[PDB]
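The structure under discussion appears below in the form of structure tokens.
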Amino acid sequence: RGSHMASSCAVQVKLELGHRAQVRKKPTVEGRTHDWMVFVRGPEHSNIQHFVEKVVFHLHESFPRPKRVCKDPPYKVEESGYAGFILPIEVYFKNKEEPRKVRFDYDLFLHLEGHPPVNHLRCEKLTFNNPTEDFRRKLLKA
Amino acid sequence: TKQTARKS
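These protein sequence lines map, in sequence, to chains A and P.
Per the deposited numbering, the very first residue in the first sequence carries number -3; after that it's consecutive.
Per the deposited numbering, the very first residue in the second sequence carries number 3; after that it's consecutive.
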């Protein structure tokens, strides 16, 4: 959208952030009382790899290798633990101009045993104003 | 409440 052009462009993408958690019937040697799996995915299995470079999951410092990196679908990390925490998620885009990444702070929370397992869903909408034509291609093949 | 302790 330069002044002497008549068109402009706006494309919106939907991402789903979520996790599942259930009490391990059998604790771990270290005392991890739960098993949880957190993911970043696109609604109805539409391939977001067209425009996603990689997803980075920053785990609490109590995990070994807390910076978990997912360069290819599915974008998830399966772990075990004992308490709920905030997990920040970075999504890096196949784009040569900023916007390059977006961060979300995800609430990884665990239910007590004797309560149902957690399956939690967060849907997030992102809006790209006048993207480059090559990134607009990627965005709109998904 | 129904969820567990949280760490930080």
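We treat Cβ as the ideally placed atom computed from N, Cα and C, and that holds for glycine.
Which stretch, first to last residue, makes up the beta strand (DSSP E) that contains residue i?
i	result
A/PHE47	Counting along the chain, A/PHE47 falls outside any beta strand (DSSP E), and DSSP gives it neither H nor E.
A/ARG37	30 to 37
A/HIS15	6 to 18
A/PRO84	81 to 89
I want to see whether chain P comes within less than 9 Å of residue i, judged by CB atoms only; does it?
i	result
A/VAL73	no
A/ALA6	no
A/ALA138	no
A/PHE105	yes
A/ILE82	yes
A/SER(-1)	no
A/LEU13	no
A/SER3	no
A/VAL87	no
A/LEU117	no
A/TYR102	no
A/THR24	no
A/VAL34	no
A/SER58	yes
A/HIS111	yes
A/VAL65	no
Is residue i helix, strand or coil by DSSP?
i	result
A/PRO69	coil
A/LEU108	coil
A/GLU129	helix
A/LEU136	helix
A/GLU26	coil
A/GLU40	helix
A/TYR102	strand
A/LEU117	strand
A/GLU93	coil
P/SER10	coil
Compute the beta-carbon to beta-carbon distance between residue i and residue j, rounded to the nearest angstrom, for a pair I have assumed lies under 8 Å.
i	j	result
A/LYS90	A/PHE47	5 Å
A/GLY38	A/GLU57	Between A/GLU57 and A/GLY38 the Cβ distance is about 30 Å, and since that is not below 8 Å, they are no contact.
A/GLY14	A/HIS116	6 Å
A/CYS5	A/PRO127	6 Å
A/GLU86	A/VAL114	Not quite, the Cβ-Cβ distance comes to about 23 Å (not below 8 Å), so this is no contact.
A/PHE59	P/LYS9	Not confirmed; about 10 Å, so no contact.
A/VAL7	A/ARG132	6 Å
P/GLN5	A/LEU135	Incorrect: roughly 36 Å between the Cβ atoms, too far for contact.
Cβ contact (3+ pairs, closer than 8 Å) linking the region 28 to 40 of chain A and the region 71 to 82 of chain A: yes
The region 57 to 70 of chain A / the region 100 to 107 of chain A touching (three or more Cβ pairs under 8 Å): no
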